[PDB]
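Structure data follow from input02.txt (compact mmCIF, C-alpha atoms and all ligand atoms):
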```
# COMPACT_ATOMS: atom_id res chain seq x y z
CA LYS A 6 50.94 -7.56 -0.62
CA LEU A 7 48.39 -4.81 0.22
CA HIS A 8 48.68 -1.11 -0.64
CA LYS A 9 47.98 2.04 1.37
CA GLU A 10 45.80 4.63 -0.39
CA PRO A 11 45.03 8.21 0.56
CA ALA A 12 41.87 9.42 2.23
CA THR A 13 40.97 12.39 4.43
CA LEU A 14 38.98 12.46 7.65
CA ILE A 15 35.47 13.74 7.32
CA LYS A 16 34.23 12.77 10.80
CA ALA A 17 34.91 10.38 13.66
CA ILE A 18 31.90 8.16 14.23
CA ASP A 19 32.48 5.49 16.89
CA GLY A 20 34.86 2.72 18.04
CA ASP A 21 35.32 0.92 14.73
CA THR A 22 33.81 3.18 12.07
CA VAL A 23 34.78 6.56 10.65
CA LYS A 24 33.73 8.80 7.81
CA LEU A 25 36.52 9.38 5.28
CA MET A 26 36.71 10.96 1.85
CA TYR A 27 38.16 8.26 -0.44
CA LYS A 28 38.80 8.86 -4.17
CA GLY A 29 36.95 12.14 -3.65
CA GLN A 30 33.70 10.56 -2.26
CA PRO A 31 32.36 10.49 1.31
CA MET A 32 32.20 6.92 2.72
CA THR A 33 31.72 5.24 6.07
CA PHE A 34 34.58 2.82 6.69
CA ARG A 35 34.25 -0.17 9.01
CA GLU A 36 37.61 -1.46 10.39
CA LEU A 37 38.52 -5.01 9.27
CA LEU A 38 39.10 -7.78 11.81
CA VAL A 39 37.90 -5.95 14.93
CA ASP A 40 34.91 -5.47 17.20
CA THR A 41 34.50 -2.62 19.69
CA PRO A 42 31.93 -2.40 22.48
CA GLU A 43 28.90 -0.27 21.58
CA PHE A 50 28.75 3.16 23.20
CA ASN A 51 26.52 1.85 26.03
CA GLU A 52 28.68 -1.16 26.91
CA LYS A 53 31.68 -1.15 29.22
CA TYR A 54 34.64 0.41 27.34
CA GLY A 55 32.40 1.59 24.48
CA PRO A 56 32.96 5.30 25.18
CA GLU A 57 36.71 4.70 25.66
CA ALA A 58 37.01 2.88 22.34
CA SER A 59 35.17 5.69 20.48
CA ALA A 60 37.40 8.27 22.13
CA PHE A 61 40.55 6.34 21.30
CA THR A 62 39.69 6.03 17.59
CA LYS A 63 38.54 9.65 17.51
CA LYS A 64 41.80 10.98 18.97
CA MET A 65 43.89 8.88 16.68
CA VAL A 66 42.13 9.91 13.44
CA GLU A 67 41.62 13.57 14.41
CA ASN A 68 45.31 14.01 15.38
CA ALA A 69 46.66 12.34 12.18
CA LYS A 70 48.36 14.51 9.59
CA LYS A 71 47.81 11.70 7.08
CA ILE A 72 45.07 9.11 6.91
CA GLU A 73 45.40 6.09 4.66
CA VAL A 74 43.14 3.13 3.93
CA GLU A 75 44.34 -0.27 2.92
CA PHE A 76 41.90 -2.74 1.36
CA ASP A 77 42.38 -6.44 1.78
CA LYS A 78 42.15 -9.08 -1.02
CA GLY A 79 38.39 -9.70 -0.75
CA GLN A 80 35.26 -7.68 -0.44
CA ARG A 81 35.85 -3.91 -0.18
CA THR A 82 32.33 -2.92 0.84
CA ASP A 83 30.00 -4.66 3.22
CA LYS A 84 26.26 -5.33 2.94
CA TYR A 85 25.57 -1.85 4.44
CA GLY A 86 27.74 0.00 1.91
CA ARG A 87 30.57 0.45 4.45
CA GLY A 88 34.12 0.42 3.14
CA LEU A 89 36.09 -2.47 4.73
CA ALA A 90 39.72 -1.51 5.32
CA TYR A 91 42.70 -1.31 7.56
CA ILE A 92 42.88 2.33 8.55
CA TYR A 93 46.22 4.10 9.21
CA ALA A 94 46.95 7.35 11.04
CA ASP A 95 50.45 8.68 10.31
CA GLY A 96 51.53 5.16 9.40
CA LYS A 97 50.09 3.47 12.54
CA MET A 98 47.23 1.03 12.08
CA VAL A 99 44.17 2.20 14.03
CA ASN A 100 42.75 -1.38 13.98
CA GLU A 101 45.89 -2.80 15.63
CA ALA A 102 46.43 0.08 18.06
CA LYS A 103 42.95 -0.40 19.61
CA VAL A 104 43.38 -4.16 19.91
CA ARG A 105 46.80 -3.63 21.53
CA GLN A 106 45.19 -1.44 24.18
CA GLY A 107 42.36 -3.90 24.91
CA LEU A 108 39.75 -1.52 23.44
CA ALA A 109 38.76 -3.91 20.64
CA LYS A 110 38.69 -7.71 20.16
CA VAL A 111 39.78 -9.50 16.99
CA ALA A 112 36.51 -10.51 15.33
CA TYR A 113 34.75 -10.91 12.01
CA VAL A 114 37.63 -12.81 10.48
CA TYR A 115 36.35 -13.91 7.06
CA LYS A 116 38.47 -15.99 4.67
CA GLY A 117 40.22 -13.84 2.04
CA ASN A 118 39.89 -10.56 3.97
CA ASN A 119 42.24 -11.59 6.76
CA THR A 120 45.79 -10.60 5.78
CA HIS A 121 46.49 -8.91 9.16
CA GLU A 122 44.80 -11.54 11.33
CA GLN A 123 47.98 -12.85 12.94
CA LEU A 124 49.38 -9.34 13.57
CA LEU A 125 46.16 -8.36 15.35
CA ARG A 126 45.91 -11.59 17.41
CA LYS A 127 49.44 -10.96 18.63
CA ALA A 128 48.37 -7.48 19.77
CA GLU A 129 45.36 -8.96 21.53
CA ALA A 130 47.48 -11.58 23.30
CA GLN A 131 49.66 -8.76 24.66
CA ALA A 132 46.67 -6.63 25.75
CA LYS A 133 45.25 -9.69 27.53
CA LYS A 134 48.61 -10.52 29.20
CA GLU A 135 48.60 -6.92 30.47
CA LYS A 136 44.94 -7.11 31.60
CA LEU A 137 44.22 -3.91 29.73
CA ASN A 138 40.78 -2.43 29.64
CA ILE A 139 38.43 -5.06 28.25
CA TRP A 140 40.79 -7.72 29.61
CA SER A 141 40.95 -6.09 33.05
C1 LIG A 201 33.80 -6.09 10.06
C2 LIG A 201 32.76 -6.71 9.14
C3 LIG A 201 31.43 -6.59 9.42
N1 LIG A 201 30.49 -7.10 8.55
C4 LIG A 201 29.06 -7.08 8.91
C5 LIG A 201 28.85 -8.38 9.75
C6 LIG A 201 27.76 -7.98 10.77
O1 LIG A 201 26.47 -8.20 10.15
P1 LIG A 201 25.19 -7.85 11.09
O2 LIG A 201 24.82 -6.31 11.05
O3 LIG A 201 24.15 -8.65 10.40
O4 LIG A 201 25.43 -8.29 12.60
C7 LIG A 201 28.02 -6.45 10.95
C8 LIG A 201 28.78 -6.15 12.26
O5 LIG A 201 29.29 -4.83 12.07
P2 LIG A 201 29.16 -3.86 13.35
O6 LIG A 201 30.06 -4.45 14.53
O7 LIG A 201 29.54 -2.48 12.95
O8 LIG A 201 27.70 -3.87 13.95
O9 LIG A 201 28.85 -6.02 9.87
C9 LIG A 201 30.90 -7.69 7.38
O10 LIG A 201 30.09 -8.20 6.59
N2 LIG A 201 32.22 -7.81 7.06
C10 LIG A 201 33.17 -7.29 7.89
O11 LIG A 201 34.35 -7.45 7.59
CA CA A 202 30.94 -2.74 16.73
```

Would you mind writing the file out in C-alpha cells?
Amino acid sequence: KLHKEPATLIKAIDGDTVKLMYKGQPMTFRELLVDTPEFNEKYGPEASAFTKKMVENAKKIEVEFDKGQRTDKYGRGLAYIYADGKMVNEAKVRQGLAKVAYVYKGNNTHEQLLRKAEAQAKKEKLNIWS
C-alpha cells in the first residue's frame, strides 16, 4: 500500500512534469508510468494544458511515491500526482493525452489501473488515439 503526502503547486511545467513544494522544498516532479508528447508534437500543447488546468484548479495537491526509486537521474521526484483526490497521471491517460510508458519493475504499482484507462481512451479514439 502507497501513501498520499502533501505538496503545494509552485508552477505548471509541461505535460508530465510540474514544480511542487514537497516537505518544504521546491522540486520538479516527473509523473510515473506515463509519457506525453513534447510541446512541438501533435497533442503536446493539449497535454501541457490539461495537466496545467488540473493542477492549477486543485485545492489540494498530493504526491504518492511508489516502492522504488523516488528521484530520477535528473533529480526529478517520481510520483503519482493527485489533484483533489484524482490522479493526474491516470486522468491524462484516460483522455488519450498520455501513453503508459517507462514501466520499471518495483515502481509500477498503478500499471494495471493506467493500462485500463489507456484501453478505454483507445476504444474511444481519443486524441492521440484518434
Ligand atoms: C518516468 C521516468 C523517467 N525516467 C528517465 C528515463 C528517460 O531517460 P532519458 O532522458 O535518458 O531518455 C527520461 C524520460 O523522461 P522525459 O519523458 O521527461 O524526457 O527520464 C526514469 O528514469 N524513471 C522514470 O520513472
Ligand atoms: Ca515526456

Would you list the residues that come within 7 Å of ligand CA 202 (chain A)? Count all atoms listed in the file and give the answer as a compact mmCIF listing (two decimals) with C-alpha atoms, in the frame of the given file.
```txt
# COMPACT_ATOMS: atom_id res chain seq x y z
CA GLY A 20 34.86 2.72 18.04
CA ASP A 21 35.32 0.92 14.73
CA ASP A 40 34.91 -5.47 17.20
CA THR A 41 34.50 -2.62 19.69
CA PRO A 42 31.93 -2.40 22.48
CA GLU A 43 28.90 -0.27 21.58
```

Would you mind listing the residues within 10 Å of ligand LIG 201 (chain A), counting all atoms listed in the file, as a PDB file with C-alpha atoms, keeping the file's coordinate frame?
```pdb
ATOM      1  CA  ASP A  19      32.480   5.490  16.890  1.00  0.00           C
ATOM      2  CA  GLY A  20      34.860   2.720  18.040  1.00  0.00           C
ATOM      3  CA  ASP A  21      35.320   0.920  14.730  1.00  0.00           C
ATOM      4  CA  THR A  22      33.810   3.180  12.070  1.00  0.00           C
ATOM      5  CA  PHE A  34      34.580   2.820   6.690  1.00  0.00           C
ATOM      6  CA  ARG A  35      34.250  -0.170   9.010  1.00  0.00           C
ATOM      7  CA  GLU A  36      37.610  -1.460  10.390  1.00  0.00           C
ATOM      8  CA  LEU A  37      38.520  -5.010   9.270  1.00  0.00           C
ATOM      9  CA  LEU A  38      39.100  -7.780  11.810  1.00  0.00           C
ATOM     10  CA  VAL A  39      37.900  -5.950  14.930  1.00  0.00           C
ATOM     11  CA  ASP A  40      34.910  -5.470  17.200  1.00  0.00           C
ATOM     12  CA  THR A  41      34.500  -2.620  19.690  1.00  0.00           C
ATOM     13  CA  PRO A  42      31.930  -2.400  22.480  1.00  0.00           C
ATOM     14  CA  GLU A  43      28.900  -0.270  21.580  1.00  0.00           C
ATOM     15  CA  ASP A  77      42.380  -6.440   1.780  1.00  0.00           C
ATOM     16  CA  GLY A  79      38.390  -9.700  -0.750  1.00  0.00           C
ATOM     17  CA  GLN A  80      35.260  -7.680  -0.440  1.00  0.00           C
ATOM     18  CA  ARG A  81      35.850  -3.910  -0.180  1.00  0.00           C
ATOM     19  CA  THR A  82      32.330  -2.920   0.840  1.00  0.00           C
ATOM     20  CA  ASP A  83      30.000  -4.660   3.220  1.00  0.00           C
ATOM     21  CA  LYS A  84      26.260  -5.330   2.940  1.00  0.00           C
ATOM     22  CA  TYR A  85      25.570  -1.850   4.440  1.00  0.00           C
ATOM     23  CA  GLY A  86      27.740   0.000   1.910  1.00  0.00           C
ATOM     24  CA  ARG A  87      30.570   0.450   4.450  1.00  0.00           C
ATOM     25  CA  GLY A  88      34.120   0.420   3.140  1.00  0.00           C
ATOM     26  CA  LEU A  89      36.090  -2.470   4.730  1.00  0.00           C
ATOM     27  CA  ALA A  90      39.720  -1.510   5.320  1.00  0.00           C
ATOM     28  CA  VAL A 111      39.780  -9.500  16.990  1.00  0.00           C
ATOM     29  CA  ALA A 112      36.510 -10.510  15.330  1.00  0.00           C
ATOM     30  CA  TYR A 113      34.750 -10.910  12.010  1.00  0.00           C
ATOM     31  CA  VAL A 114      37.630 -12.810  10.480  1.00  0.00           C
ATOM     32  CA  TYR A 115      36.350 -13.910   7.060  1.00  0.00           C
ATOM     33  CA  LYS A 116      38.470 -15.990   4.670  1.00  0.00           C
ATOM     34  CA  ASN A 118      39.890 -10.560   3.970  1.00  0.00           C
ATOM     35  CA  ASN A 119      42.240 -11.590   6.760  1.00  0.00           C
TER      36      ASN A 119
END
```

Item checked: All residues 8 Å or closer to residue 7 in chain A, all atoms listed in the file, same chain fewer than 3 positions away omitted, as a ChimeraX atom specification -> /A:75-78

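If you look at CA of residue 137 in chain A and CA of residue 23 in chain A, they are 23.7 Å away from each other.
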
Expected axis-aligned box over every listed atom of range 126-133 of chain A, 4 Å added per side, centre plus edges in Å to one decimal, as JSON:
```
{"center_x": 47.5, "center_y": -9.1, "center_z": 22.5, "size_x": 12.4, "size_y": 13.0, "size_z": 18.1}
```

Margin query: One decimal, in Å: what's the spacing between CA of residue 96 in chain A and CA of residue 134 in chain A?
Written below: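 These two atoms are separated by 25.4 Å.
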
Check: Please, what distance in Å, to one decimal, runs between CA of residue 98 in chain A and CA of residue 16 in chain A?
Finding: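 Rounded to one decimal, the two atoms are 17.6 Å apart.
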